[PDB]
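Okay, so here's the structure we're looking at.
Whatever order the structure lists ligands and atoms in, that order sets their numbers, starting from 1. Just so it is clear, the values below take in all heavy atoms, side chains as well, and ignore hydrogens, waters and symmetry mates. Positions are given from 1 along the sequence.
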Amino acid sequence: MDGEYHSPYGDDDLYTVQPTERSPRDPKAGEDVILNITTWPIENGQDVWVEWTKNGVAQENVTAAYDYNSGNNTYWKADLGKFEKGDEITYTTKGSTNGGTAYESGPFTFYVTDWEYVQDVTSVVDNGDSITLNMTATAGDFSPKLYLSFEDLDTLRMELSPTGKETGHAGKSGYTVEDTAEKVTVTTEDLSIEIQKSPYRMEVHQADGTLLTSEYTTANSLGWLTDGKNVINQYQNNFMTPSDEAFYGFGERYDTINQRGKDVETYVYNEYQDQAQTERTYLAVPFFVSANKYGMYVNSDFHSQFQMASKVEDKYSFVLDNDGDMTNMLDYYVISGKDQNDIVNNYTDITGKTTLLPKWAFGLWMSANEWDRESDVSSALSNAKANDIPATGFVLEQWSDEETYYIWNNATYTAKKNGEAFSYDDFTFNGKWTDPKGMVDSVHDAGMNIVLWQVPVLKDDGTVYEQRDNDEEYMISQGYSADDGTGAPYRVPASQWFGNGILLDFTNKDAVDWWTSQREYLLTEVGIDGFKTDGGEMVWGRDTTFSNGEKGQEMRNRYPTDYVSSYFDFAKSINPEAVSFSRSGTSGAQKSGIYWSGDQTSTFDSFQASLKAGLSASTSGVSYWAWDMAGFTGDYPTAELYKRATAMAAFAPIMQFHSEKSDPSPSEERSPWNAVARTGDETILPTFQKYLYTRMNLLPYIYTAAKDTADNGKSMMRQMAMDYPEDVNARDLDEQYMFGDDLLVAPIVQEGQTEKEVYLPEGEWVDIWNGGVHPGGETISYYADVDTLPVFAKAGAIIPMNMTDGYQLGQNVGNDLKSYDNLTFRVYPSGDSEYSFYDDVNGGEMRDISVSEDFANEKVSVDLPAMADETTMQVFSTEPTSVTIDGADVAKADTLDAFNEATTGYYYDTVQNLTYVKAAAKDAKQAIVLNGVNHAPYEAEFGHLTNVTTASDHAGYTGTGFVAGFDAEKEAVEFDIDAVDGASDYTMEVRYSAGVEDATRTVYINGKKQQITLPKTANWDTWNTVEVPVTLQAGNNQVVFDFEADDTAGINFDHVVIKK
Ligand SMILES: OC[C@H]1O[C@@H]2OC[C@H]3O[C@H](O[C@@H]4[C@@H](O)[C@@H](OC[C@H]5O[C@H](O[C@H]([C@H]2O)[C@@H]1O)[C@H](O)[C@@H](O)[C@@H]5O)O[C@H](CO)[C@H]4O)[C@H](O)[C@@H](O)[C@@H]3O
Ligand SMILES: OC[C@H]1O[C@@H]2OC[C@H]3O[C@H](O[C@@H]4[C@@H](O)[C@@H](OC[C@H]5O[C@H](O[C@H]([C@H]2O)[C@@H]1O)[C@H](O)[C@@H](O)[C@@H]5O)O[C@H](CO)[C@H]4O)[C@H](O)[C@@H](O)[C@@H]3O
Ligand SMILES: OC[C@H]1O[C@H](O[C@@H]2[C@@H](O)[C@@H](OC[C@H]3O[C@H](O)[C@H](O)[C@@H](O)[C@@H]3O)O[C@H](CO)[C@H]2O)[C@H](O)[C@@H](O)[C@@H]1O
Ligand SMILES: OC[C@H]1O[C@H](OC[C@H]2O[C@H](O)[C@H](O)[C@@H](O)[C@@H]2O)[C@H](O)[C@@H](O)[C@@H]1O
Ligand SMILES: OC[C@H]1O[C@H](OC[C@H]2O[C@H](O)[C@H](O)[C@@H](O)[C@@H]2O)[C@H](O)[C@@H](O)[C@@H]1O
Ligand SMILES: OC[C@H]1O[C@H](O)[C@H](O)[C@@H](O)[C@@H]1O
Ligand SMILES: [Ca+2]
Ligand SMILES: [Cl-]
Ligand SMILES: [Cl-]
Ligand SMILES: [Mg+2]
Ligand SMILES: [Mg+2]
Ligand SMILES: [Mg+2]
Ligand SMILES: [Mg+2]
Ligand SMILES: [Mg+2]
């Protein structure tokens, strides 16, 4: 025999086992315990056995039985049997051939556990900032204590000490307690916590009595797993959930946005390509938000499983792991708030706010793994310029020596001992990188900022590489690695990414300072703008030990966030504009930069999973989220996928293209120019440009939303039920979302699709591209060819934009981040609305703008704050008869050219039905009033048409044209029209031409019929308006025009307008 091996926990992997583990790893009462053992080489006459004690008494040896052979190894199973709660088992596994040299593993000890639950509350002590509930247990000898405290008046914290020896934390004092024999009720202005005493059972209500959530009906819901003496290994609680309850968040999830029915693992993992199918993630957070208006956060870095009505149809549960330490309390929060987004804000109060990034982070990021030399960077920049792609971010991955990851590829130098840091001048730059500082300067010259790829591991591939070997020696001599549990440095398991590499212990501040010192010259001298901090899902092994005294079970989920945060803070300390770009983390990840959705293939299925990842991350407080648009690997995307992806990406928090392959031919860049080359579809370029230019037009809105995340916890991109939690149609939507406060975005994420269903919540929505009006409260069908993205603005929206003199979306304003071209506010008037604009160009002043819509009196008023810039309003309305600024008349400009020349003025855009109003910069509020205005027209051409078509061959129409002829039976034009100012009689203006003869049409108003007379117009180039009395109810009204048997003559039908 050459050896024997058994190790009960293997690498402690959640998903797999090594072939030499104990099963179960942590045996409970009544579970059969199997030991898997290996010997080598394969030989006759081998004996494998187990020497062991039960509660200190030597047992008869167990003989292991042959199981299987693989390679030059035999695998064996030894059966120890079942045990009782409290049993302490110690064993050693042994092997030898024909009574020769004996090889052994162990000794190993396990303590056999079972569940104990809270039984009754026996007394309650109110300490003014905390409440102690003294408890009995269902089994065992503990005297548990549950501590209640308020993180705020709407955020409840539970801390359980099974032994009673630990004490909970103080919280707010603003509560009262009604403590009776049978029940204790804890009340704040926001919450009513009702706790039955016998059996103990908690219900969490809002202050008005509405139930948020509650412990399971049968009580004994809250428990711990113990041997009663040495260990507590798990905690659980169990809660009642009705059949319609939806559960969102849990970090970044690829499979679904609503986790009901699933067991969700809070476990970071590097899963390539098939995250959705395996239900794995790089970014796992033990926090969810329910559409029943609460969130739950289990405050622990240990692995937890959330069982979301996956076992019992009306029960959800959490099972939280522990390392055995009996002094670690269970700590969790039930989180209420003013609305769903406020629940997320309260969660970020606990775990950390998003840090506002510089505005350059919100432009296009360009990346490709194949970029590996200065000529590649030069050509990326010149390709972007030649194709009018004004990006702001630039990533280099294949930049380094591929050994130290802090030295440029091909650089030569005198190696340094003892981990001493390099300066720029220590290097002779050669080959692929002759002048890194110059290269960076060229990136900056293009208006871009650059980040460099990093990992948290010291690579050790077993080869000789002087500087890396020097650094490894130094790192070990200082104790800068984690420890494997035996005194040796922890290494990533050999089969994994960077296997054999030594992790830097990011819990050790000295270690971090050393590691970052080696990169300092990249920031201070080369002038980089941050790091793409990749990896981090690299902590395996229960005995792996960190400088904070924590071990592998506790640190696996936390490690990536320690790593990412260390680098983010370090880069920012030198370069205040630095940005991190990362994939892995847990609670608190949001403090430290951008998160991208990792490694996915270029398919529509992947696109679907990416969108779910962003929407779940958003609920989990990770707002600055990116994805590799159209996928970074697999076969090159189709033109269709590339175009659909581009549109979504332009309307996502962070826009970035990227590609996996390191030296491919042809190129694998997901750049728009390479996509044209690879697909042969030249129309990719103008479509990409449209969406990129539109994003840059919206940058003032986007960046205000980024600040709103940082300040108020409102994520930039949100699943519909975050804004509409009571809306039954919004619960499961995963192919549309809100972007900022105002825009409903509905990407096409299905191959071959052109009829996109869009669910519109109650209220009026307006198509931002063309002014099409859509009353809410139904699913509409929107025709979207491959170049088209349905996007709608909600009623009352005030949307800041940076426009060219053309004043249309999708016109290139460039990538200047320090000035505006034409600062513009797009307004959809509806009652009184207000918006706080983040004017970052002018010192970050908040500009409070308000609009008062009064269409009943044919007026819209805008209260413009003091501004540093000329401003243009674009107000969705009919053409005013006059406009005043501070009471002073402003003249109508007849053309766009005249408007651009004017200092102040107004202009009416007939295509978009937008009134442009130009106001000078002034260090004082300005009152703008639009007079004689009504709600914008309902264009006939945007109506539901039956057997009738559109044209535009006679000038003077509004919108894009008119409905032509409309002069046979079974032809109809249907409008969905909102009552502008509630249920009332109104006048419907019908604008038409009838160049040959008097016409009539029939109209139905919510089923009520009348015939209208449309007198002849002089010719087909003359429009007239007839006023029709109608009666409209609140909200959406069905207005149907048709041509019936008693109607006559052709018309061209331009629009209708509703006015008082
Ligand atoms: O040149 C730097 C670096 O480039 C490549 O990795 C960057 C890549 O990392 C992340 O995805 C990776 C994935 O590409 C793949 O990598 C395996 C690969 O790792 C090393 O080489 C990397 C490049 O892949 C190189 O150092 C190693 O030398 C090589 O032998 C290996 O084949 O798989 C891992 C494991 O799943 C994955 O994490 C990142 O997500 C991605 O955006 C980035 O492009
Ligand atoms: O060039 C003459 C004429 O040609 C086209 O119409 C052919 C059509 O004419 C007569 O019926 C029309 C009817 O179709 C409808 O036309 C509305 C239409 O009028 C003008 O364009 C038409 C052509 O379509 C043109 O005059 C106008 O430019 C366009 O914008 C309008 O949509 O209504 C009128 C009035 O009731 C009627 O005269 C003719 O009777 C019929 O047989 C023939 O097919
Ligand atoms: O394919 C040769 C390549 O293999 C290894 O690197 C690859 C890397 O190039 C990348 O390839 C993506 C590619 O993977 C499969 O071939 C798949 O069928 C295809 O659709 C997809 O586009 O990613 C994989 C996985 O990360 C890497 O293994 C070698 O490292 C490299 O030397 C070789 O050139
Ligand atoms: O720390 C290892 C090594 O780094 C530099 O050399 C890098 C590289 O230089 C040339 O390209 C050679 O052809 C390669 O063999 C080298 O790896 C230092 O100059 C060198 O002193 C040092 O040992
Ligand atoms: O939101 C309004 C409308 O937008 C698109 O259609 C625009 C299209 O409408 C008519 O066909 C006009 O004649 C054209 O000039 C316009 O471009 C969507 O496809 C549609 O579904 C939506 O209702
Ligand atoms: O093993 C290290 C190698 O990994 C990948 O293949 C990289 O593309 C290459 O640049 C590097 O030399
Ligand atoms: Ca029209
Ligand atoms: Cl144990
Ligand atoms: Cl891995
Ligand atoms: Mg709050
Ligand atoms: Mg290259
Ligand atoms: Mg700088
Ligand atoms: Mg130490
Ligand atoms: Mg689906």
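- In this structure, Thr266 OG1 and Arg556 CZ are separated by 13.0 Å, a value rounded to the nearest 0.5 Å.
- For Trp399, there are no side-chain hydrogen bond (donor to acceptor under 3.5 Å, both in side chains) partners, not counting sequence neighbours.
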Are there any protein N or O atoms under 3.5 Å from the N or O atoms of ligand 4? List them with distances, or say none.
{"unit_1": "ligand 4", "atom_1": "1 (O)", "unit_2": "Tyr413", "atom_2": "OH", "d": "2.8"}
{"unit_1": "ligand 4", "atom_1": "1 (O)", "unit_2": "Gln467", "atom_2": "N", "d": "2.9"}
{"unit_1": "ligand 4", "atom_1": "4 (O)", "unit_2": "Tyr413", "atom_2": "OH", "d": "3.0"}
{"unit_1": "ligand 4", "atom_1": "19 (O)", "unit_2": "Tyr413", "atom_2": "N", "d": "3.1"}
{"unit_1": "ligand 4", "atom_1": "19 (O)", "unit_2": "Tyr413", "atom_2": "O", "d": "3.1"}
{"unit_1": "ligand 4", "atom_1": "21 (O)", "unit_2": "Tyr413", "atom_2": "O", "d": "3.2"}
{"unit_1": "ligand 4", "atom_1": "23 (O)", "unit_2": "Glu466", "atom_2": "OE1", "d": "2.7"}

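- The aromatic rings of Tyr406 and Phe422 sit tilted, their planes meeting at an angle between 30° and 60°.
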Output, or 'none' if empty, a list of ligand 1-protein atom pairs in which both atoms are N or O and the distance is under 3.5 Å, rounded to 0.1 Å.
{"unit_1": "ligand 1", "atom_1": "1 (O)", "unit_2": "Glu402", "atom_2": "OE2", "d": "2.7"}
{"unit_1": "ligand 1", "atom_1": "4 (O)", "unit_2": "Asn369", "atom_2": "ND2", "d": "3.0"}
{"unit_1": "ligand 1", "atom_1": "9 (O)", "unit_2": "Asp534", "atom_2": "OD2", "d": "3.0"}
{"unit_1": "ligand 1", "atom_1": "11 (O)", "unit_2": "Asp599", "atom_2": "OD2", "d": "2.9"}
{"unit_1": "ligand 1", "atom_1": "14 (O)", "unit_2": "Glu660", "atom_2": "OE2", "d": "2.8"}
{"unit_1": "ligand 1", "atom_1": "19 (O)", "unit_2": "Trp497", "atom_2": "NE1", "d": "2.8"}
{"unit_1": "ligand 1", "atom_1": "26 (O)", "unit_2": "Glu402", "atom_2": "OE1", "d": "2.9"}
{"unit_1": "ligand 1", "atom_1": "26 (O)", "unit_2": "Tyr405", "atom_2": "OH", "d": "3.4"}
{"unit_1": "ligand 1", "atom_1": "36 (O)", "unit_2": "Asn270", "atom_2": "ND2", "d": "3.2"}
{"unit_1": "ligand 1", "atom_1": "38 (O)", "unit_2": "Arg583", "atom_2": "NH1", "d": "3.0"}
{"unit_1": "ligand 1", "atom_1": "38 (O)", "unit_2": "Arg583", "atom_2": "NH2", "d": "3.4"}
{"unit_1": "ligand 1", "atom_1": "40 (O)", "unit_2": "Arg583", "atom_2": "NH1", "d": "2.9"}
{"unit_1": "ligand 1", "atom_1": "40 (O)", "unit_2": "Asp599", "atom_2": "OD1", "d": "2.6"}
{"unit_1": "ligand 1", "atom_1": "40 (O)", "unit_2": "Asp599", "atom_2": "OD2", "d": "3.4"}
{"unit_1": "ligand 1", "atom_1": "42 (O)", "unit_2": "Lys532", "atom_2": "NZ", "d": "3.3"}
{"unit_1": "ligand 1", "atom_1": "42 (O)", "unit_2": "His658", "atom_2": "NE2", "d": "3.1"}
{"unit_1": "ligand 1", "atom_1": "44 (O)", "unit_2": "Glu397", "atom_2": "OE1", "d": "2.6"}
{"unit_1": "ligand 1", "atom_1": "44 (O)", "unit_2": "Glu397", "atom_2": "OE2", "d": "3.3"}
{"unit_1": "ligand 1", "atom_1": "44 (O)", "unit_2": "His658", "atom_2": "NE2", "d": "2.9"}

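- Contact atoms of ligand 3 toward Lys661: 9 (O), 11 (O), 12 (C), 13 (C), 22 (O) (distance under 4.0 Å to a heavy atom of the residue).
- The aromatic rings of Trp360 and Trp365 sit tilted relative to each other, their planes meeting at an angle between 30° and 60°.
- Qualifying side-chain contact (heavy atoms from CB on, under 4.5 Å) partners for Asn270, counting only residues two or more places apart in sequence or in other chains: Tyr282, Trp497, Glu537, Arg583.
- The protein atom (non-hydrogen) at minimum distance from atom 25 (C) of ligand 3 is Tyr272 OH, 3.4 Å.
- Using a 30° and 60° split on the angle between ring planes, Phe739 and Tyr737 fall in the perpendicular class, above 60°.
- Using a 4.5 Å cut-off on side-chain heavy atoms (C-beta onward), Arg468 and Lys459 make contact.
- Shown in contact with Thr633 at under 4.0 Å from a heavy atom are these atoms of ligand 3, numbered in order with element: 12 (C), 21 (C), 22 (O).
- Using cut-offs of 30° and 60° on the angle between ring planes, the pair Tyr642 and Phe688 is parallel.
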